[PDB]
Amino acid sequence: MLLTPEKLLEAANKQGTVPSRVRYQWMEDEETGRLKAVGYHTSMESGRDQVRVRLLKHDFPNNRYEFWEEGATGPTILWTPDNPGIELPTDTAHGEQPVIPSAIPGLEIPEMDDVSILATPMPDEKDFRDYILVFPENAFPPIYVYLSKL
């Protein structure tokens, strides 16, 4: 099977997930508050290789695409075709990279550039806040994004 736009849409429509050999996170230094982007090689054995897939909603009145996290009282992630790019109404960190088109399940996310991959034990899911955002009519290619802790 291939992770085509149709398959990704199948996952997004049901708030599902897709495997990924690598996941990223914004690690925090409890002594300065400074953040650092780091990635990890996930293990199928582990079960922490799944990444949430979500469909972006088009907000025409605001000429933007938006995603609302669960229980949010306002948009969490925005994407305006005028810039474009990932933007948040908050001052939280975010990194992103387009997903590899119709790739083998688990290899759809290219390894971020200039982002070290640590060989440490897999962090708790609680410390991960990533998503694969899918656009409605594929007006834009699916994109993987990892945000700093809320």
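Sequential numbering from 1, following the sequence displayed.
Visitor: Got a sec? Mean C-alpha B-factor, which is higher, 139 to 147 or 1 to 9?
Guide: The entry gives the higher C-alpha B-factor average to 1 to 9.
Visitor: Looking at the entry, does 129 to 137 or 14 to 22 show the higher mean C-alpha B-factor?
Guide: Here the higher of the two C-alpha B-factor means belongs to 129 to 137.
Visitor: Going by the CA temperature factor in the entry, name the top one among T120, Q50, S43, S116.
Guide: That would be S43, according to the entry.
Visitor: Comparing recorded Cα B-factors across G106, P101, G39, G33, which one is largest?
Guide: Of the options given, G33 has the highest CA B-factor in the PDB entry.
Visitor: Among the modelled residues of its chain, does the C-alpha B-factor of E96 lie in the lowest, middle or highest third?
Guide: It falls in the bottom third of the chain.
Visitor: Which third, lowest, middle or highest, does the CA B-factor of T80 fall in along this chain?
Guide: Highest third of the chain for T80's C-alpha B-factor.
Visitor: Determine, from the deposited record, the chain-internal third of the Cα B-factor for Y65: lowest, middle or highest.
Guide: Its C-alpha B-factor belongs to the middle third of this chain's values.
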